[PDB]
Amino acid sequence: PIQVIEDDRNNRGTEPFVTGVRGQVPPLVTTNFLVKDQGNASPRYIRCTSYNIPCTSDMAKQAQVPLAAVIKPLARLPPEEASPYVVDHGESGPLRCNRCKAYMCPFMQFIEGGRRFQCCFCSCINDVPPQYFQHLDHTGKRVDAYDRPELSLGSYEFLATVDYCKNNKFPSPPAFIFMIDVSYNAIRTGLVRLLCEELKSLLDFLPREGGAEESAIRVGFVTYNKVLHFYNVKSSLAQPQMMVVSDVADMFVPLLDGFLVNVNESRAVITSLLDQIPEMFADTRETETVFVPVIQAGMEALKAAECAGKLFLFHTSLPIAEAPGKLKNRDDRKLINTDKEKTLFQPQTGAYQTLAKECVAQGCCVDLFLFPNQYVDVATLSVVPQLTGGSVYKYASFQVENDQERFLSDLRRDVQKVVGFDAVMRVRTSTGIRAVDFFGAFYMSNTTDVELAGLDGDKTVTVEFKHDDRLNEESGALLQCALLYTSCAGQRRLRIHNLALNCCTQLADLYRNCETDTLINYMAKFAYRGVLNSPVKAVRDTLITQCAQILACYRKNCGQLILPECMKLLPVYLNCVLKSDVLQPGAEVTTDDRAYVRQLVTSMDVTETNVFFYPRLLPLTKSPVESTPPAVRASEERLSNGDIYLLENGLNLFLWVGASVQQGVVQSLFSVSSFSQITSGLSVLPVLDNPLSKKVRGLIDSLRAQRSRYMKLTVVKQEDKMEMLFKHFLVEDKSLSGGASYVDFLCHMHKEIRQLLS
């Protein structure tokens, strides 16, 4: 299993995946492939747990297989894959179903000489405006192509009319506000200096759109400790002017129309400001800081400017300054295996959710960079980022000497990201099913609108659907995700993703077309949310049962272990989820760590959750065939004492060195002559001019290139220390936290399915 599974697909799907077939199961996430649209949404935008949906609710209940979709609206595409075409229908905007409001797509059935079309989602009959399509041919675009995006491709965009904007008025360009903690803790490590210096260069790479040479995103700057410092950087100043706001609680942040400026025009003053900030706070002794007020100020600033935007916070410590949102050092580890453990993943106060809502109403997305030395209550501090569609980064015990690269890498990528603003997503389906649950980083007021203050190409929204009525095996089950958003240039657009699935009446067709990784992605996210309101033990029980039942049901619908072919890895992956820190934390696992990873997994795509739960293990030494490495099962049992291995879970990279490793290898890789001299915990390989060093360093570069976040490297020597913590990534083995081992987990699952049928 695992190793061979990914290799089977790897050999049976290296050609292009063309999305022209209805419920076609895409290649495995562990397989490299090229996608050619042609009708269905590419798997990079949407992946389902099931590609051949049961036609009725009774049939579905017979299998107990959750029907879910993991959606990534603005997924970043490989260079070779075409981005969505933008269709401009002028003032009338895109044609939509008069009843269910689904947008014109490749599935709409035209009838009666094309004067009308039957809606594929609800079957309502709709008139076709006489100039609807001809309009596309009279804009300054080339018209030689036969196909029209909205009628032939799974994914495309529409320019939106004013009817799709707040106050029936087109939006203005969004803005970025950098908010820096200049308390003693932040200044002493050199973080402030590092950040200010980088910004001098980074602000020139703000997101740009259609050939725009200059970004239209204006910037604002704010520093803070227990008070906030707003800076005026109007282009006609040679020096930045500071306006302090000491009144926290009652706030009040005045205009100061020198806030939010074009980076090119204020280049000199901005540069001066970034030279000043570190100097100005150099001798500070302030240790207490605020948090909520910072987010309130930045958000209020965007509101005053009547534009949406993002706030980038750089925080170092538990906010214990007297002020709205003040927190306590509640990290109580005796609360863990109890009925009140959920309290550690919940925010301390309700001021956060309340503030998150205000942000969403204003199209304000917040990104949080944490650099903690002690408990800082990540769970609570990441509430606004999460409900706002933002991201959270953590650098425990931050130190320039060890984290400059990783942090600068994350920062640069985060600021340069393609991003959407003040957005909303809705998923329409063919009559018979409807979206019933949503998971991810977002906000929901009602039961249908997935509100996204901010959005980028790494975040995913997972949707669960349940039967409403009956589906036809001939009509299939259609899905249409519609994203309404404002771009980095201030343009309002809609992005549509259509995915057509099959409908089946024979249970055997349901079992042949499920996708395990996607199921795991769903199940994991379901469990990770459950931890907020249920004892961990119950959440784990629920997870085990979901899997036990689908397996038992398969047994009675269709002794030895029996599983459909496409679910041969469900058991193994299920054991990995149960053994993750969020559900079975080791003795050294921190509460902030759990909260942090929990938030991360809630927004992960199927690719990330696959490698997060089942890390990739690559043997390095012995087969030096230049170009031609194949991964190994995650077990200490596959670890040879005379070899070296690289392991990655999408967040951390480990280089494991066997104690019996060859001397030449150690020389060529670490530049020391014996295994004993290798530095335990080394986080950067020296640059040595030899084939083995070049190859390993390159491998590290290409692995880092395929993960959204910069993975820290840790060299692990075989005998002592960090060796034990590394054990946790050999997921098929027994863990000290009372993990089971795959084999024993199977035996147990086998008996669990027995108790359901006995």
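In case it trips you up, residue 1 is the first one in the sequence shown, and so on.
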In the deposited sequence, how many residues between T628 and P629 have no modelled coordinates (none, 1 to 3, 4 to 9, 10 or more)? 1 to 3
How much of the deposited sequence is absent from the coordinates between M251 and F252: none, 1 to 3, 4 to 9, or 10 or more residues? none
Comparing average C-alpha B factors as deposited, tell me which of 299-307 and 421-429 sits higher. 299-307
Stretch exceeding the other in mean C-alpha B-factor - 333-341, 459-467: 333-341
One of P173, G586, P94, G220 has the largest Cα B-factor in the entry, namely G586
Comparing C-alpha B-factors across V65, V29, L725, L713 in this entry, the winner is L725
Which third of the chain holds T505 when residues are ordered by C-alpha B factor: lowest, middle or highest? lowest
By its CA B factor, does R704 count among the lowest, middle or highest third of the modelled residues in the chain? lowest
In terms of the CA temperature factor given in the entry, to which third of its chain does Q24 belong: lowest, middle or highest? middle
Comparing against every modelled residue in the chain, figure out the third that the C-alpha B-factor of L34 lands in (lowest, middle or highest). highest
Determine, from the deposited record, the chain-internal third of the Cα B-factor for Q109: lowest, middle or highest. middle
